[PDB]
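Q: Here is my input; please provide its structure:
(6 chains)
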Amino acid sequence: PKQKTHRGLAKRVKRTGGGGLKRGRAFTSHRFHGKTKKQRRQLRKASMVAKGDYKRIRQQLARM
Amino acid sequence: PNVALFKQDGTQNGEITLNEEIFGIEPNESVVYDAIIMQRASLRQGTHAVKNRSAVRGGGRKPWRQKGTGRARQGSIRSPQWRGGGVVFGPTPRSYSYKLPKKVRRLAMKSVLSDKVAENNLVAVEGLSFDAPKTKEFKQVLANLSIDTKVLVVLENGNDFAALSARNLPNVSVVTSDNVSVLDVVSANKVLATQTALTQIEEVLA
Amino acid sequence: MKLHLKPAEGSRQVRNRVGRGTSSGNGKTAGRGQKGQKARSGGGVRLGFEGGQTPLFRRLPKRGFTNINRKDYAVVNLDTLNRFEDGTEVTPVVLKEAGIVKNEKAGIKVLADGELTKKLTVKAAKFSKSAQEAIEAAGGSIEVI
Amino acid sequence: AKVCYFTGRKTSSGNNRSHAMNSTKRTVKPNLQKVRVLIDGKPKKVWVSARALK
RNA sequence: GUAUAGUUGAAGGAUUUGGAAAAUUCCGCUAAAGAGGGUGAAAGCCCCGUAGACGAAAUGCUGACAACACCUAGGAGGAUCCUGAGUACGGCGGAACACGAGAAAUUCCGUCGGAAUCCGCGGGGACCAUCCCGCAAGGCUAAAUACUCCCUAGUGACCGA
RNA sequence: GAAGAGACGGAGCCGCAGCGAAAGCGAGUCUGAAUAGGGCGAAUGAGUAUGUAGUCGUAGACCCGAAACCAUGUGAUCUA
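A: Residues are numbered from 1 along each chain as shown, chains lettered A, B, ... in the order given. Find the structure here:
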């Protein structure tokens, strides 16, 4: 039978055109009065793939 | 592509010219190799099977205890280390067939037929006719053309008085103009064929 | 080449059979080493498991939605047109009909990369704001039908 | 209470959820009443649902 | 026409080693039959067969086409009448839909309420309006699909105690 | 079509264009007041079909081994 892709990563990660993946940062949906104002600016913007976690995840997101 | 013509014994009328798209194209060798293996490996029946532990007509209780007896521990009578037990990883029914793309098949056909042209093994007969199916006369036909080895006869349509005279020695196997495969040709040494069979080959093979 | 055969060079490998004696290199535990659940029968954890550490997908947040009525097109840029020399009515038929646009998706859009020197005519369903200028520079005619 | 004589009501079974969705098995039974009716003029006693007494 | 008994069906001798030849050496013959099995060892020409050709008293099956059963009419008008009831649908509690009450349409089940009649009624994923597509609460229906206890005839880079 | 090679069959699938959650725009786009800066793209940058081999996933998945669990049945000739 076919593989089944993960439905936790399809709702969190979208694939770019160069090969990598776009990722949305964390620590954004909670208390903010603890955090500073440089932090809450610099945690709006998306980051890329670290090549450690691209190994074990690659086969799950086989087509999406 | 210039092949002479024979009557039944009369010799060398005008030599038939053939399409250089087909009969002159310098055969690839790996294509013919994989065509032969794909053909001959597609002839298998796959019917063979072996029972295992859940299919051996046995029982499902520990005969012993785990302790007290002092012998090693067993779960059931029938399991692969016993005699009469099941078998681990036996052969199961498969099908072994697979189809190449639709360019290499015609590349194989063209390559084989150009190979047999370049070594002068097509002997084109102007036309074969028997009033009755007499296998002795067909032997005399092959004696007139002086061919001895494993040979092919390619026929046209219902030549029922020329196809009913080929249950000969194994020099001869006979295919009509439609069922010409690869293994029917590569196994043989020479090919006899009529004029019209060449034309109906050049319709399908363009 | 007849029945009594050669493969291509490098065309077919052999195999590697595992658990057959201590001088092939894979006898006594079969390339698995000593104990542990990567070395039992059928062991190994599921994919993406990292111990009880919360894995990467339960660490970064869910985001977005999908439109139900997304209508995206079947883009041809501009150089693909540059072999239909003069006067064709480029269209969602005869334009395709040689191996150019199989499977138009919602109608054909045209883009502007990168040089057209003809006098064609185009019938598509959308156009960029530079492809019209590139076509009318070369003297053609366009219509969004 | 086994069946109806006129309709097709009979006892059956279904689940039972309770406030944190734990399921067991019920016995959902129809309301039935022993009613003296006139079957071909001769009176009998038979089980009839109250639904057919409207 | 076919199924269950069948008929007929071409062509070889001698020598050497042998316990015994189909083996070997000379010279022949056949083929619409050179698939297979058996014979004192390995056979186109010894036997049983095969290709071809022919054949059914009795019972069953399948086509066919006769007979006999059945079934099936047009155009216009639109005053009045008919078109499936404790049914549709709603509340409550459960189930079935990929859908776990969820913003939850559509299908059933238990109980309690409970409509309209063509100027009508349902549906288009809560709901309303507009548009579009359809007439529930009465029945029947071949083939394409899944299986093999058993029968006949075959095959296998399936096993050989 | 001989359980076959062997032709028809162009529904479909993959590559040729990306960015954005999206409306959309397009060799460019997103955030932004910004023609600023930045992310991700493009600037020759080749895929696809089949065979074979290494690894992984779903299936018992390299085999042997429990204590226990659930559903039908069989027993009071021993013993209470």
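
Q: Tell me, how many residues neighbour whichever residue of chain C sits closest to chain B?
A: Closest to chain B within chain C is residue C:8: 4.4 Å, counting by CB to the nearest CB. Heads up, the C-betas are built off the backbone N, CA and C, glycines and all. A total of 11 residues lie near residue C:8 under the criterion other CB atoms under 10 Å in any protein chain shown.

Q: need the contact list for the residue nearest to it when sequence neighbours are not counted.
A: Leaving aside its sequence neighbours, residue C:8 sits nearest to residue B:30 (CB to CB, 6 or more residues apart in numbering or on different chains; 4.4 Å). Applying CB atoms under 8 Å, 6 or more residues apart in numbering or on different chains to residue B:30 gives the contacts C:7, C:8, C:11.

Q: Pretty sure the last one sits in a helix.
A: When you say that, I think you mean residue C:11. No: according to DSSP: H, G, I helix; E, B strand; the rest coil, residue C:11 belongs to no helix; its state is coil.

Q: nearest spatial neighbour of it, skipping sequence neighbours?
A: residue B:30 (7.0 Å).

Q: And for the first one?
A: Nearest-residue entry for residue C:7: residue B:33, 6.1 Å, with adjacent residues in sequence omitted and distances by CB to CB, 6+ apart.

Q: The one you found - how many residues pack around it?
A: 17.

Q: Distance of it relative to residue A:47?
A: Here the distance between residue B:33 and residue A:47 works out to 52 Å (CB to CB, to the nearest Å).

Q: ok, now residue B:193?
A: Taking CB to CB, one finds residue B:193 at 72 Å from residue A:47.

Q: who has more neighbours, these two?
A: residue B:193 (22 against 12).

Q: so who does the more buried one touch?
A: With CB under 8 Å, 6+ apart, residue B:193 has these contacts: B:122, B:124, B:125, B:152, B:153, B:154.

Q: Looking at those residues, state which has the most neighbours.
A: Counting by other CB under 10 Å, top hit in the contacts of residue B:193: residue B:153 with 26 neighbours.

Q: So for the chain, the centremost residue is which one?
A: Chain wasn't specified; assuming chain A. residue A:23 (2.7 Å; CA atoms, centre = their mean).

Q: Look up which residues are beta-bridged to it.
A: Taking DSSP bridges as the rule, residue A:23 bridges to residue A:13, residue A:47.

Q: If you tally nearby residues, what's the number for the residue of chain D found nearest RNA strand F?
A: Nearest residue of chain D to RNA strand F: residue D:25, at 12.0 Å (CB to the nearest atom of the strand). Look at residue D:25: counted by other CB under 10 Å, it has 8 neighbours.

Q: Next: residue C:88.
A: With other CB under 10 Å as criterion, residue C:88 counts 15.

Q: can you tell me which residues contact the spatially closest residue to it that is not a sequence neighbour?
A: In this structure, residue C:88 finds its nearest non-sequential neighbour in residue C:120, 6.3 Å apart by CB to CB, 6+ apart. By CB under 8 Å, 6+ apart, residue C:120 lies in contact with C:81, C:84, C:86, C:87, C:88, C:90, C:135, C:138, C:140.

Q: For RNA strand F, what's the nearest residue on chain A?
A: residue A:18 (2.1 Å).

Q: With residue A:53 as the reference, measure out to that residue.
A: Where residue A:53 is concerned, residue A:18 sits at a distance of 17 Å (CB to CB).

Q: out of those two, which sits in the more crowded spot?
A: residue A:53 (15 against 6).
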